[PDB]
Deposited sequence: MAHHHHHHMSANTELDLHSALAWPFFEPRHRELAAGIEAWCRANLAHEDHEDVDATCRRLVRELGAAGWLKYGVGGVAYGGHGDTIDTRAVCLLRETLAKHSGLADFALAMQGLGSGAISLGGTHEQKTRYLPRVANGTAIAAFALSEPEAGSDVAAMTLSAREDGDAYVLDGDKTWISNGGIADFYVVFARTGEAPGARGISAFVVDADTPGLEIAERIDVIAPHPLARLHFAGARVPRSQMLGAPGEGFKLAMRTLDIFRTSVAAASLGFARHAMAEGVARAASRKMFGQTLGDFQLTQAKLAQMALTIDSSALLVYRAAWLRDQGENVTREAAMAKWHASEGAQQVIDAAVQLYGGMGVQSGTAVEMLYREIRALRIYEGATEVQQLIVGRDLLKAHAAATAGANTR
C-alpha cells in the first residue's frame, strides 16, 4: 500500500513515477580513484538498464517518450545522487549533453546521436562556459568562422563535464549575426574532430571528468549546426531550463542522504547519559533539515510537474535549483556537525557530501544568477499586469 506520508504520494506524480522510483532505487541498491573509467562504466550500465531513455526526447530516437518527462528525470537524479554523486553525474550529462539535440536537431542529427546517448554507447557533453565567461554567456568569445561548407572554430571552453571522454560536444560559438546574445550558434562537434584538443584535465573538490577544450582551427561541417545561425543562445537557455530542475533534484538527493545519516547518528550516538537525539538542539536541527528537504522537494516537483504540462518553467526551475542547492548545503553541513570529528573524516558519507554539494550552487547557473532571474521575472510580471 502507498504510504500517504511519502512524497511519492503527492498528486504531482503519476503511478508510473512511483514505479520508476522503486525501479531506480533497486538498481542503485544492486549496482552501487579512476573517475574516467567509472563514468564510462556507469553510462554503459545505466544505458543497458534503460535509465538513459528518460533524458532523450523522441521515441523514434531512443527516448522514453516524445517529450522529456521532467518528473522522471528528476526522480532518477534524486535517487542516484542519494546513493552516488558519480552515478548522478553520469545520467545527468547524458541528458544535458544531448538536450540541445532533442530540442533542435534535424532528423539526421537526432538519428545519428540520440539512440546512442539513450542506450549509453555515446557519452554526451555540453560545452558553453569559457575561461573568461561562464555566467556571462551572451559575451562568449569562442569564434566560428564560415569557410565554404564548414565553420572554423577557435578558442577555449572550460569546466566541461565529461571533457576528455565524451564522444561529442554540443558547442556554442560566436558566428556574429548580431551583437552579444544574438550572434551565437550551436554545433554538434564529434570528439575526433581534428583541432579539438583536450588542453587540460581539471580536478575539482568532488572529482568528476572535466576538461578545458582548446579549438585550434577545428572544422565543423555546416550540417552539424543545431538550429538556425544566430539562434544558439536561445537553444542553450532552453536546454538549461530543462535540466536546472534536475540539478535541484540531485541536490535534494544529496540532502536526503545527509538526512538519513544525521537522524541515524542522532539516534545512535550516546552522550551525557542519553543520546544526541534527546537534546533539543539536535531535535531542532533535524527538524530544520527535514523542513528544508520538504520545501526543496515541493519546489523541485512543482517545477517538474509544471514543465510536464507543456509550460515554460524559467522562473520555477530557477527557484527550485536555487533553493534545493543552497538548502542541501545547509542540510549536509548540519549532518557533518552531528557526526563530530567523524564528520570531516575522509570517505565518510557526510564528508563526501560536504565536497559533492558545493559545485551544485555554481554549475547550470550560479545561485546569484538564479536569484536575478526570479527577481527580474517578478518585476516583468508586475509591469505586464499594470499594462492590462
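Participant: Since the structure holds only modelled residues, which stretches of the deposited sequence does it leave out?
Facilitator: 1-13, 46-50, 407-410 are the stretches of the deposited chain that have no C-alpha coordinates in the structure.
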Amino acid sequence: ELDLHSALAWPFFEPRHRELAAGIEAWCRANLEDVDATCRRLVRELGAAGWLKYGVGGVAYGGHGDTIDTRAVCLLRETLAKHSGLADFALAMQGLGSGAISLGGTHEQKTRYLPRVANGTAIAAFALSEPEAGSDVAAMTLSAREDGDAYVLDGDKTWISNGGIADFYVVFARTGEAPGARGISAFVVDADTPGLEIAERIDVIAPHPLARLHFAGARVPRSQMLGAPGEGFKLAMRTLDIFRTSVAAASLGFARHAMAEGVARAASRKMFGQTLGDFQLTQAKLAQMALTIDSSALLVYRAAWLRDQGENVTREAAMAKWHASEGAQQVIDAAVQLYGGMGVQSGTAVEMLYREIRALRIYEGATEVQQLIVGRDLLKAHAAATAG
From here on, numbers count along this sequence of modelled residues.
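Participant: When the Cα temperature factors in the entry are averaged, is it 288-296 or 110-118 that ends up higher?
Facilitator: The recorded data point to 110-118.
Participant: Looking only at CA atoms, which has the higher mean B factor in the entry: 310-318 or 297-305?
Facilitator: The stretch with the larger mean CA B-factor is 310-318.
Participant: When you compare the CA B-factors of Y151, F126, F279, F89 as listed in the entry, which one comes out on top?
Facilitator: Result of the comparison over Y151, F126, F279, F89: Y151.
Participant: Return the residue from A178, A81, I160, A264 that has the highest Cα B-factor in the entry.
Facilitator: If I rank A178, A81, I160, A264 by C-alpha B-factor, first place goes to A178.
Participant: Taking the values exactly as deposited, rank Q329 by C-alpha B-factor within its chain and report the matching third: lowest, middle or highest.
Facilitator: Lowest third, going by the recorded CA B-factors of the chain.
Participant: Quick one: classify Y354 as lowest, middle or highest third of the chain based on its Cα B-factor.
Facilitator: It falls in the bottom third of the chain.
Participant: Please say which third, lowest, middle or highest, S251 falls into when its CA temperature factor is compared across its chain.
Facilitator: For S251, whose C-alpha B-factor we compare with every modelled residue in the chain, the answer is the lowest third.
Participant: If you rank every modelled residue in this chain by C-alpha B factor, which third holds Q345: lowest, middle or highest?
Facilitator: Lowest third - that is where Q345 ends up once the chain's C-alpha B-factors are sorted.
Participant: In terms of the CA temperature factor given in the entry, to which third of its chain does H257 belong: lowest, middle or highest?
Facilitator: CA B-factor rank for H257: lowest third.
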